[PDB]
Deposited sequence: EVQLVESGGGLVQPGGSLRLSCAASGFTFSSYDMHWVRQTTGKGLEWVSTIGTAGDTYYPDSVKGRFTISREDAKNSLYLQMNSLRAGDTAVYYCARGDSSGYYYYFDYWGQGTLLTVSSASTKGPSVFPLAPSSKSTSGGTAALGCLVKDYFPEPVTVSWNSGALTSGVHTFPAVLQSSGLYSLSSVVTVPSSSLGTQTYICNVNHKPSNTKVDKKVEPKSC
């Protein structure tokens, strides 16, 4: 049972965007579906529900702005969002709904897609290696907006990996670092590549980190 979000990115205030949730593993048609957003300040907020009988539900702060769509045929869930404000900047999850008796619950959840509502323009990151038990990493410098995803050797290396949260610079753009700790016995006898991916600018960068 899997739910995968798509669509989230940079939108200008007063603009519009759509979100997509690809479902798998269950008979999608027979289960209700929900979107829920998560904010730094106010936490988890429910934003929409769609039923098995084509019924839709919204909060007042939402209704007439967002509309939830459903594809029984394509095992897909949609949320068309119009008139986006700064206070809509959140992580949107698609989540299933089920009941054990009368009692309702959100059993399976998504992965989370970040909608960011800003007037500032998009920019891809400038990736730089960090030259080397020893450690090495990649600096993801000057980008907007969030998020950036870094993986090592296309996800073959996970053990001693640390990916630091992004820090908003004085310039207004973001900067991120990712590091990995590795036995010195594996330097030169194993090469390390960080897989930087910035979706809001389609900037995928794979750069090799080796002894200087």
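In sequence order, the deposited residues that have no C-alpha coordinates form the ranges 1, 134-141, 222-223.
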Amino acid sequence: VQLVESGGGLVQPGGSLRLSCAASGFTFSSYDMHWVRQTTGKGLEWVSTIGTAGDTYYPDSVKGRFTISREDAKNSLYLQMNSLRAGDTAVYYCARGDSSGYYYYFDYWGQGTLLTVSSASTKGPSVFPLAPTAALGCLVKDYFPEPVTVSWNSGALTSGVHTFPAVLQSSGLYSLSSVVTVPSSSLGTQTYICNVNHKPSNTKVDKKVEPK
From here on, numbers count along this sequence of modelled residues.
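Per-stretch averaging of Cα B factors for 17-25 and 187-195 places 187-195 on top. The question of which stretch, 82-90 or 102-110, has the higher mean Cα B factor is settled in favour of 82-90.
Per the deposited record, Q169 carries the highest C-alpha B-factor of all listed residues (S48, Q38, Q169, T52).
Among all modelled residues in its chain, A73 ranks in the middle third by Cα B-factor. In this PDB entry, the Cα temperature factor of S178 sits in the middle third of its chain's modelled residues. For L115, the recorded CA temperature factor ranks within the middle third of the chain's modelled residues. In this PDB entry, the Cα temperature factor of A95 sits in the bottom third of its chain's modelled residues, the lowest group. In the deposited entry, the Cα temperature factor of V161 sits in the middle third of values across the chain's modelled residues.
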